[PDB]
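Asker: Just dropping this structure here.
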Amino acid sequence: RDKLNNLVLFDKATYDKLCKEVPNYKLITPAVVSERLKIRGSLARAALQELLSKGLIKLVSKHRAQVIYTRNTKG
Amino acid sequence: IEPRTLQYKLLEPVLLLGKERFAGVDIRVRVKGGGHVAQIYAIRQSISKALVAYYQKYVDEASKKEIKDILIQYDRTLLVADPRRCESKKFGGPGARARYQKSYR
Amino acid sequence: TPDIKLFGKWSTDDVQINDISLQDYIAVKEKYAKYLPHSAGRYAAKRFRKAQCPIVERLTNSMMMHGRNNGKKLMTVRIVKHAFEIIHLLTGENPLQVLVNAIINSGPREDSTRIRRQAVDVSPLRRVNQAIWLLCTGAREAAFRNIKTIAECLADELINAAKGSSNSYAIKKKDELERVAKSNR
Amino acid sequence: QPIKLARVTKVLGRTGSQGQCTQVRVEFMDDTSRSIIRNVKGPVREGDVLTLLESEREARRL
Amino acid sequence: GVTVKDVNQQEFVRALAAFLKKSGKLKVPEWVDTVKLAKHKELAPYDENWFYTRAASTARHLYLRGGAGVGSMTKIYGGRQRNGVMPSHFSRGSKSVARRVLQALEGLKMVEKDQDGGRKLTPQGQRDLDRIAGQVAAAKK
Amino acid sequence: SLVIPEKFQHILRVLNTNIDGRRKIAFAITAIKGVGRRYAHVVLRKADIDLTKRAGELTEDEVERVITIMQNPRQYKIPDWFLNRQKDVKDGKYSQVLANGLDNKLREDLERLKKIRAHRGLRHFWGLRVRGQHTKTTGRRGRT
RNA sequence: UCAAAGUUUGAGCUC
RNA sequence: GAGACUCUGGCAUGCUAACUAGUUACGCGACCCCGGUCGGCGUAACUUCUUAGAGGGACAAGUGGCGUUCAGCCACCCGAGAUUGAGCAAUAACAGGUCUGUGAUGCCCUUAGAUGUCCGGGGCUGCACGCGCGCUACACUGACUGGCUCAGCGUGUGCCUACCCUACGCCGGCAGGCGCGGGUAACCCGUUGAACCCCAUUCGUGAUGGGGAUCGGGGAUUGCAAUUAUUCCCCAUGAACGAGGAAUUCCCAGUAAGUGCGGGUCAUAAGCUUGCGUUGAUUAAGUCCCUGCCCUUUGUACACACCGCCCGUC
Ligand SMILES: [Mg+2]
Ligand SMILES: [Mg+2]
Ligand SMILES: [Mg+2]
Ligand SMILES: [Mg+2]
Ligand SMILES: [Mg+2]
Ligand SMILES: [Mg+2]
Ligand SMILES: [Mg+2]
Ligand SMILES: [Mg+2]
Ligand SMILES: [Mg+2]
Ligand SMILES: [Mg+2]
């Protein structure tokens with residue numbers, strides 16, 4: 001009945017949209033970004049691992065089944 | 001300390017009594033029988049017993065009562081034993097309690 | 001943290017139970033809290049041993065369903081652990097206050113029975129048990145076949161339940177039962 | 001029609017298919033004076049609190 | 001200082017694979033590319049230099065308990081042959097890959113055939129265990 | 001990687017066979033006829049590939065490299081026991097047999113069994129359970 | 001303070 | 001009959017005791033920063049641990065109401081135990097089943113121009129169709145890929161009887177191939193080298209790596225012989241199934257449910273069947289509404305008993 005047709009790669013404009021907005025969510029999971037922007041959870045994990053590489057997000061708990069990252073502590 | 005998912009279960013009594021009682025000791029715990037969680041919930045109770053036995057045995061008993069009472073006032077499972085053990089499957093059925101499946105039709 | 005406790009990063013005092021109705025019988029305070037829901041067990045042995053069971057454990061108890069997850073308490077505990085942290089993160093309230101709002105709204109104050117059935121307001125053990133089971137079935141249904149994790153969906157579910165949005169299956173059951181009861185009570 | 005809390009003072013009796021619904025006398029903790037009867041489904045004990053959206057209804061005892 | 005029990009094992013295998021590559025004197029088999037980790041396994045190991053990862057694990061089991069032959073390492077290293085529709089059973093590892101991991105570590109002086117049989121960990125092996133233990137300990141510290 | 005690659009192929013072609021970009025490279029290449037998940041995986045071990053990449057990332061030249069190794073496995077160093085044509089019918093030279101080669105080899109399996117008039121050829125035509133099943137109890141969607 | 005609830009091989013029961 | 005009994009669990013640092021069990025006192029050795037580690041070595045007694053014989057051990061022992069202040073209940077306290085758990089299991093059925101275990105077997109029939117018997121082969125697996133016991137699912141609380149970790153059931157070379165457990169070094173993905181050993185077994189298998197658990201990746205909500213039915217071609221082994229695939233192995237096609245409608249199986253405590261591990265049989269070795277561990281809830285302390293059950297009363301024209309008897313037209 002319902003299906004998820006998610007995009008494999010970000011466009012450049014979407015890259016600007018990520019650089020702007022994604023660090024503003026308090027929950028940053030690859031699944032969170034996947035549901036909002038209709039993108040795959042695995043590349044989502046790689047994207048959040050990328051905000052880690054560029055140095056944009058702090059990890060709360062990553063684990064083989066389920067990972068969780070966030071924008072670093074707000075205060 | 002693997003499993004690391006069951007560590008706070010291990011510190012609950014340690015947090016309950018505090019570091020001052022356990023500070024004088026260093027304790028290795030040998031474990032056997034049961035399974036991994038059963039053994040974990042075992043060594044939980046074990047070291048708390050060994051320390052109560054340490055103050056009750058080699059020094060004055062007021063330390064044993066104060067430790068033991070703080071334990072009683074927090075939680076009774078620490079003293080009342082879990083007698084619970086895994087029940088065996090029985091012949092006459094596909095599962096544990098069922099006796100064989102009566103099958104109409 | 002042996003002498004004075006900061007439970008991880010949580011205050012003992014200053015957590016107000018808002019609803020006067022369930023205040024004694026939600027025996028949730030100063031002692032019943034523990035570091036995990038998970039505990040040796042024996043909590044369903046005697047009648048009120050269930051009562052003395054911690055309410056976080058009762059959330060764990062309800063969460064594990066649909067076969068493959070029966071008797072995987074640490075995993076469904078970890079679910080409750082990361083979801084509660086998340087509830088605290090997103091709404092900004094003490095997770096048990098949001099949850100008490102869940103107990104308050106989702107607990108059905110009455111039910112119907114054969115005395116043609118008539119409605120009667122229920123006892124606290126079943127009424128809390130019922131609230132926990134209901135919002136668990138809601139979180140599962142919402143999170144099933146979605147990338148979003150069960151624990152994060154479970155945090156979102158306790159938030160929307162305390163809010164009372166009428167989007168929870170638990171509220172759908174409550175509203176159906178109440179209005180049918182008014183027609184035939 | 002406000003909300004009313006009531007304490008179970010006395011289990012009267014169980015009605016119901018299973019003798020499952022206690023008709024119970026309750027004391028209101030707001031107005032210590034008032035008291036009412038009504039049956040209840042689910043596990044009941046002498047002394048426990050209901051949040052009745054109405055105190056006026058009453059179950060037929062058998 | 002530190003030991004395998006002191007270490008978190010996941011980053012242990014990654015540090016040791018790098019450590020054994022740095023040594024670059026295991027004599028890795030020719031078929032490491034072709035082989036699959038068990039007839040009951042579906043894909044090849046996730047680590048690209050996986051033969052090094054199991055050389056680590058097998059050696060470290062011989063530390064944990066010496067005298068661990070091939071069949072011994074496969075029993076400890078056994079598991080669910082998830083049979084789908086049929087019921088599950090215990091399944092040994094693959095011989096060729098296990099026997100060659102043990103023969104690889106016998107080659108480069110990590111493991112040693114003790115008198116009266118079985119392997120004991122050699123002076124070089126216990127050295128390498130506590131050095132990489134200190135390295136990984138420094139990483140987690 | 002995150003920017004969209006150049007010449008992104010929503011479908012690749014191989015052996016007149018279409019390949020899905022959504023699947024991960026090892027399992028996506030298996031879309032090709034005459035190569036499966038492990039055999040494809042073997043060609044990928046023989047090749048220089050970081051298999052954590054996705055199948056939309058890799059180029060048409062990579063699928064052609066995997067394919068030439070697959071077609072001439074003897075020429076590109078694939079084992080005899082790994083092949084999906086063990087002991088080939090026409091010449092008995094190890095090379096890989098493909099989709100159209102596969103359908104023709106199919107015609108040949110039918111030609112062999114029917115001409116000799118073997119029972120198992122008869123079992124292909126009749127459509128019965130060879131594996132020790134009761135046909136008393138199976139094959140309903142087809143048989144009405 | 002009462003809407004309803006039908007049948008059962010011919011192929012062998014028994015001091 | 002229940003109970004009782006027999007066995008098991010548990011209290012016995014007490015009796016009797018052990019190089020096929022270990023023990024506590026030390027020291028050495030390599031290294032790490034004196035010591036720590038080691039199934040590397042040495043110093044004796046003893047039985048705390050271990051093994052198992054004899055004995056011994058907890059009983060409503062304490063209290064409240066209630067009760068002839070009786071039996072005792074309920075609740076609470078008191079405690080390592082205030083039901084450990086089985087085996088056996090009353091009278092009487094069903095005209096459900098067993099001549100398909102046997103020279104178990106009654107009666108009737110048969111036996112050389114045989115309805116016997118022997119040799120080989122077959123059906124039981126024969127398939128448009130249907131059901132019951134079962135197996136697998138619909139995924140991310142999860143799967144894919146590595147690493148890590150405590151067990152309990154177990155066995156082992158046989159009268160005839162072809163196959164033992166297996167340590168130690170080499171060969172194939174797998175079936176399986178070459179050196180010496182221990183063990184007929186607390187000595188060798190064997191520290192019973194289980195999974196789960198625990199960590200990082202990878203997957204990404206997809207009829208998906210979910211699901212693995214069906215089968216082409218080929219390689220092995222099990223067997224005198226498998227076409228109704230012997231089994232195992234190698235590569236591939238890949239049905240429905242997106243969490244269960246009226247229905248119905250299963251459950252109150254370590255239970256229900258997840259998850260593997262072993263045995264009988266046993267050539268391949270658990271698809272039968274029967275166990276073994278491992279993780280671990282909800283709910284009720286209530287009632288007999290449903291479903292059954294048990295007693296009392298009651299009516300009955302049934303008594304091969306409501307699956308009953310029994311009435312009229314045609
Ligand atoms: Mg293992
Ligand atoms: Mg009528
Ligand atoms: Mg008839
Ligand atoms: Mg008895
Ligand atoms: Mg006979
Ligand atoms: Mg013959
Ligand atoms: Mg999910
Ligand atoms: Mg599949
Ligand atoms: Mg396939
Ligand atoms: Mg009369």
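Following the order of the structure tokens, chains are lettered A, B, ..., residues in each are numbered from 1, and ligands are numbered from 1.
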Counting only C-alpha atoms (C1' of nucleotides) and all ligand atoms, which protein, DNA or RNA residues come within 9 Å of ligand 8, given as a PyMOL selection string?

Answerer: chain H and resi 209-212+238

Asker: Taking only C-alpha atoms (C1' of nucleotides) and all ligand atoms into account, which residues have an atom no farther than 9 Å from ligand 5? I'd like them as an NGL selection string.

Answerer: :H and (99 or 101-105)

Asker: Find the residues near ligand 6. Use a cut-off of 12 Å, count only C-alpha atoms (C1' of nucleotides) and all ligand atoms, and write them as a list in words.

Answerer: residues 118, 119, 120, 121, 224 and 225 of chain H

Asker: Go ahead and save the picked residues with N, CA, C and O atoms (P, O5', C5', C4', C3', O3' and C1' of nucleotides), as a PDB file, in the first residue's frame.

Answerer:
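The result, written out as part03.pdb:
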```
ATOM      1  P     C H 118      10.312 -66.699   2.311  1.00  0.00           P
ATOM      2  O5'   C H 118      11.370 -67.070   1.169  1.00  0.00           O
ATOM      3  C5'   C H 118      12.515 -67.890   1.412  1.00  0.00           C
ATOM      4  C4'   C H 118      13.240 -68.197   0.124  1.00  0.00           C
ATOM      5  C3'   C H 118      13.655 -66.953  -0.642  1.00  0.00           C
ATOM      6  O3'   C H 118      14.876 -66.421  -0.170  1.00  0.00           O
ATOM      7  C1'   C H 118      12.665 -68.520  -2.112  1.00  0.00           C
ATOM      8  P     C H 119      15.247 -64.889  -0.450  1.00  0.00           P
ATOM      9  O5'   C H 119      15.520 -64.777  -2.014  1.00  0.00           O
ATOM     10  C5'   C H 119      16.773 -65.095  -2.606  1.00  0.00           C
ATOM     11  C4'   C H 119      16.682 -64.956  -4.098  1.00  0.00           C
ATOM     12  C3'   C H 119      16.405 -63.516  -4.483  1.00  0.00           C
ATOM     13  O3'   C H 119      17.565 -62.699  -4.392  1.00  0.00           O
ATOM     14  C1'   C H 119      15.071 -64.988  -5.798  1.00  0.00           C
ATOM     15  P     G H 120      17.439 -61.148  -3.970  1.00  0.00           P
ATOM     16  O5'   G H 120      16.737 -60.492  -5.219  1.00  0.00           O
ATOM     17  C5'   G H 120      17.465 -60.297  -6.402  1.00  0.00           C
ATOM     18  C4'   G H 120      16.607 -59.613  -7.425  1.00  0.00           C
ATOM     19  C3'   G H 120      15.821 -58.395  -6.988  1.00  0.00           C
ATOM     20  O3'   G H 120      16.613 -57.227  -6.921  1.00  0.00           O
ATOM     21  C1'   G H 120      14.389 -59.824  -8.171  1.00  0.00           C
ATOM     22  P     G H 121      16.138 -56.003  -6.013  1.00  0.00           P
ATOM     23  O5'   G H 121      14.801 -55.635  -6.777  1.00  0.00           O
ATOM     24  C5'   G H 121      14.901 -55.106  -8.081  1.00  0.00           C
ATOM     25  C4'   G H 121      13.558 -54.912  -8.711  1.00  0.00           C
ATOM     26  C3'   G H 121      12.593 -54.051  -7.932  1.00  0.00           C
ATOM     27  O3'   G H 121      12.887 -52.665  -7.997  1.00  0.00           O
ATOM     28  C1'   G H 121      11.476 -55.974  -8.676  1.00  0.00           C
ATOM     29  P     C H 224      26.208 -52.066   0.815  1.00  0.00           P
ATOM     30  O5'   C H 224      25.964 -51.907  -0.750  1.00  0.00           O
ATOM     31  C5'   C H 224      26.696 -52.682  -1.687  1.00  0.00           C
ATOM     32  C4'   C H 224      25.884 -53.200  -2.858  1.00  0.00           C
ATOM     33  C3'   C H 224      24.920 -52.243  -3.547  1.00  0.00           C
ATOM     34  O3'   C H 224      25.568 -51.440  -4.509  1.00  0.00           O
ATOM     35  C1'   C H 224      23.894 -54.378  -3.245  1.00  0.00           C
ATOM     36  P     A H 225      25.116 -49.912  -4.676  1.00  0.00           P
ATOM     37  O5'   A H 225      23.637 -50.073  -5.227  1.00  0.00           O
ATOM     38  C5'   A H 225      23.365 -50.325  -6.593  1.00  0.00           C
ATOM     39  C4'   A H 225      21.912 -50.635  -6.736  1.00  0.00           C
ATOM     40  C3'   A H 225      20.964 -49.492  -6.403  1.00  0.00           C
ATOM     41  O3'   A H 225      20.726 -48.674  -7.544  1.00  0.00           O
ATOM     42  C1'   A H 225      20.357 -51.449  -5.199  1.00  0.00           C
TER      43        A H 225
END
```

Asker: List the neighbours of segment 34-39 of chain D out to 12 Å using only C-alpha atoms (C1' of nucleotides); skip same-chain residues closer than 5 positions along the sequence, and give me the result as a PyMOL selection string.

Answerer: (chain C and resi 110-115+118-123) or (chain D and resi 4-16+19-29+44+50+52+54-62)

Asker: Mind writing the picked residues with N, CA and C atoms as a short mmCIF file (atom, residue, chain, number, x, y, z; two decimals), in the first residue's frame?

Answerer:
```cif
data_model
loop_
_atom_site.label_atom_id
_atom_site.label_comp_id
_atom_site.auth_asym_id
_atom_site.auth_seq_id
_atom_site.Cartn_x
_atom_site.Cartn_y
_atom_site.Cartn_z
N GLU C 110 -12.94 3.82 32.77
CA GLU C 110 -13.98 2.81 32.84
C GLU C 110 -13.85 1.85 31.67
N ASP C 111 -14.61 0.77 31.79
CA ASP C 111 -14.65 -0.31 30.81
C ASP C 111 -16.05 -0.89 30.89
N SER C 112 -16.37 -1.86 30.04
CA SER C 112 -17.71 -2.42 30.04
C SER C 112 -17.65 -3.92 30.32
N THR C 113 -18.75 -4.43 30.87
CA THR C 113 -18.81 -5.84 31.27
C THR C 113 -20.25 -6.27 31.41
N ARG C 114 -20.42 -7.59 31.45
CA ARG C 114 -21.73 -8.20 31.58
C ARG C 114 -22.15 -8.22 33.05
N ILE C 115 -23.09 -7.36 33.41
CA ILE C 115 -23.69 -7.37 34.74
C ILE C 115 -24.96 -8.21 34.74
N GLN C 118 -22.60 -3.13 30.58
CA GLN C 118 -22.62 -1.82 31.21
C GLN C 118 -21.22 -1.40 31.64
N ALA C 119 -20.97 -0.09 31.53
CA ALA C 119 -19.68 0.50 31.86
C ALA C 119 -19.54 0.78 33.35
N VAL C 120 -18.32 0.60 33.86
CA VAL C 120 -17.97 0.82 35.25
C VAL C 120 -16.54 1.34 35.31
N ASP C 121 -16.27 2.30 36.20
CA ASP C 121 -14.92 2.82 36.31
C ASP C 121 -14.06 1.82 37.07
N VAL C 122 -12.86 1.57 36.53
CA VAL C 122 -11.95 0.47 36.87
C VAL C 122 -10.96 0.83 37.97
N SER C 123 -10.39 -0.24 38.51
CA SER C 123 -9.29 -0.24 39.47
C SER C 123 -7.97 0.24 38.84
N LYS D 4 -14.35 13.49 39.91
CA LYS D 4 -14.41 13.10 41.30
C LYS D 4 -13.53 11.90 41.63
N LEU D 5 -12.66 12.03 42.64
CA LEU D 5 -11.84 10.93 43.15
C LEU D 5 -12.46 10.29 44.37
N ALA D 6 -12.40 8.96 44.43
CA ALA D 6 -13.02 8.23 45.53
C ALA D 6 -12.20 7.01 45.92
N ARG D 7 -12.03 6.86 47.24
CA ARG D 7 -11.29 5.80 47.91
C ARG D 7 -12.20 4.62 48.23
N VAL D 8 -11.75 3.40 47.98
CA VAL D 8 -12.56 2.23 48.34
C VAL D 8 -12.45 1.95 49.84
N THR D 9 -13.54 2.18 50.58
CA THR D 9 -13.57 1.86 52.00
C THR D 9 -13.92 0.39 52.24
N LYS D 10 -14.79 -0.18 51.41
CA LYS D 10 -15.41 -1.49 51.62
C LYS D 10 -15.70 -2.21 50.32
N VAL D 11 -15.07 -3.37 50.11
CA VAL D 11 -15.51 -4.23 49.01
C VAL D 11 -16.87 -4.79 49.41
N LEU D 12 -17.89 -4.57 48.57
CA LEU D 12 -19.23 -5.00 48.94
C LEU D 12 -19.28 -6.42 48.39
N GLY D 13 -19.36 -6.53 47.07
CA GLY D 13 -19.37 -7.87 46.50
C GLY D 13 -19.01 -7.86 45.04
N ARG D 14 -18.69 -9.04 44.52
CA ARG D 14 -18.38 -9.18 43.10
C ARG D 14 -19.59 -9.71 42.35
N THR D 15 -19.84 -9.08 41.22
CA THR D 15 -20.92 -9.34 40.30
C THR D 15 -20.18 -9.63 39.02
N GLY D 16 -20.88 -9.74 37.92
CA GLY D 16 -20.09 -10.07 36.76
C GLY D 16 -20.18 -11.54 36.45
N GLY D 19 -17.86 -12.98 38.57
CA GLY D 19 -17.85 -12.44 39.91
C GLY D 19 -16.59 -11.64 39.78
N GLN D 20 -16.63 -10.70 38.86
CA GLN D 20 -15.46 -9.96 38.44
C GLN D 20 -15.57 -8.46 38.63
N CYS D 21 -16.69 -7.96 39.13
CA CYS D 21 -16.97 -6.53 39.12
C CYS D 21 -17.47 -6.23 40.52
N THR D 22 -16.62 -5.58 41.30
CA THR D 22 -16.91 -5.24 42.67
C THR D 22 -17.82 -4.05 42.82
N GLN D 23 -18.92 -4.23 43.54
CA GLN D 23 -19.77 -3.12 43.93
C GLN D 23 -19.17 -2.70 45.25
N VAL D 24 -18.82 -1.43 45.30
CA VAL D 24 -17.89 -0.88 46.27
C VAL D 24 -18.39 0.44 46.81
N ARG D 25 -18.19 0.62 48.10
CA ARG D 25 -18.50 1.84 48.83
C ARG D 25 -17.23 2.65 48.93
N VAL D 26 -17.30 3.90 48.50
CA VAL D 26 -16.14 4.77 48.42
C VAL D 26 -16.39 6.05 49.21
N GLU D 27 -15.30 6.55 49.81
CA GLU D 27 -15.26 7.83 50.49
C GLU D 27 -14.53 8.79 49.55
N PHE D 28 -15.09 9.97 49.31
CA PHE D 28 -14.39 11.00 48.53
C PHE D 28 -13.31 11.70 49.36
N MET D 29 -12.09 11.75 48.82
CA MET D 29 -10.98 12.37 49.52
C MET D 29 -11.04 13.90 49.49
N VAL D 44 -9.89 -5.25 41.96
CA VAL D 44 -10.23 -4.28 42.99
C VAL D 44 -9.80 -4.75 44.37
N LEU D 50 -10.56 5.71 42.41
CA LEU D 50 -11.07 5.96 41.07
C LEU D 50 -11.28 7.44 40.77
N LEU D 52 -13.76 9.19 38.74
CA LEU D 52 -15.03 9.07 38.07
C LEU D 52 -15.36 10.41 37.44
N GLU D 54 -18.22 10.90 36.55
CA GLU D 54 -19.52 11.07 37.18
C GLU D 54 -19.63 10.14 38.38
N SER D 55 -20.20 10.65 39.46
CA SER D 55 -20.48 9.89 40.67
C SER D 55 -21.93 9.43 40.73
N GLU D 56 -22.76 9.91 39.80
CA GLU D 56 -24.21 9.70 39.81
C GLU D 56 -24.63 8.31 39.33
N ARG D 57 -23.89 7.71 38.40
CA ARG D 57 -24.18 6.34 37.98
C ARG D 57 -24.01 5.35 39.13
N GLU D 58 -24.73 4.22 39.04
CA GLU D 58 -24.62 3.17 40.05
C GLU D 58 -25.01 1.79 39.51
N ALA D 59 -24.15 0.80 39.76
CA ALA D 59 -24.32 -0.56 39.27
C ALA D 59 -25.32 -1.37 40.09
N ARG D 60 -26.13 -2.18 39.40
CA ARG D 60 -27.11 -3.03 40.05
C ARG D 60 -26.47 -4.23 40.74
N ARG D 61 -26.59 -4.32 42.06
CA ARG D 61 -25.96 -5.41 42.81
C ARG D 61 -26.83 -6.66 42.71
N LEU D 62 -26.18 -7.83 42.74
CA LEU D 62 -26.93 -9.08 42.64
C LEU D 62 -26.72 -9.93 43.89
#
```

Asker: Name each residue within 12 Å of ligand 10, counting only C-alpha atoms (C1' of nucleotides) and all ligand atoms, as a PDB file with N, CA, C and O atoms (P, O5', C5', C4', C3', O3' and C1' of nucleotides), in the first residue's frame.

Answerer:
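Below is the file out21.pdb, written as the result:
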```
ATOM      1  P     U H 298     -35.859 -33.471  45.411  1.00  0.00           P
ATOM      2  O5'   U H 298     -36.350 -32.884  44.023  1.00  0.00           O
ATOM      3  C5'   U H 298     -37.225 -31.777  44.023  1.00  0.00           C
ATOM      4  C4'   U H 298     -37.292 -31.108  42.685  1.00  0.00           C
ATOM      5  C3'   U H 298     -37.765 -31.975  41.543  1.00  0.00           C
ATOM      6  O3'   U H 298     -39.175 -32.124  41.519  1.00  0.00           O
ATOM      7  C1'   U H 298     -35.865 -30.796  40.869  1.00  0.00           C
ATOM      8  P     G H 299     -39.844 -33.581  41.501  1.00  0.00           P
ATOM      9  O5'   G H 299     -40.258 -33.763  39.976  1.00  0.00           O
ATOM     10  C5'   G H 299     -41.132 -32.832  39.370  1.00  0.00           C
ATOM     11  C4'   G H 299     -40.902 -32.715  37.883  1.00  0.00           C
ATOM     12  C3'   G H 299     -40.849 -33.994  37.058  1.00  0.00           C
ATOM     13  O3'   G H 299     -42.125 -34.491  36.690  1.00  0.00           O
ATOM     14  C1'   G H 299     -38.982 -32.689  36.535  1.00  0.00           C
ATOM     15  P     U H 300     -42.427 -36.068  36.695  1.00  0.00           P
ATOM     16  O5'   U H 300     -41.672 -36.561  35.391  1.00  0.00           O
ATOM     17  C5'   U H 300     -41.988 -35.975  34.146  1.00  0.00           C
ATOM     18  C4'   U H 300     -41.056 -36.405  33.046  1.00  0.00           C
ATOM     19  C3'   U H 300     -40.793 -37.893  32.929  1.00  0.00           C
ATOM     20  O3'   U H 300     -41.813 -38.620  32.264  1.00  0.00           O
ATOM     21  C1'   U H 300     -38.749 -36.744  32.854  1.00  0.00           C
ATOM     22  P     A H 301     -42.078 -40.147  32.693  1.00  0.00           P
ATOM     23  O5'   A H 301     -42.887 -40.811  31.493  1.00  0.00           O
ATOM     24  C5'   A H 301     -42.630 -42.155  31.093  1.00  0.00           C
ATOM     25  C4'   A H 301     -42.401 -42.275  29.616  1.00  0.00           C
ATOM     26  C3'   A H 301     -41.157 -41.589  29.111  1.00  0.00           C
ATOM     27  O3'   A H 301     -40.720 -42.244  27.923  1.00  0.00           O
ATOM     28  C1'   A H 301     -43.029 -40.517  28.212  1.00  0.00           C
TER      29        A H 301
END
```

Asker: Quick check: residues of chain H within 12 Å of chain B, only C-alpha atoms (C1' of nucleotides), returned as a PyMOL selection string.

Answerer: chain H and resi 9-10+79-81+84-86+130-134+148-153+191+194-199+248-251+253-257+273-280
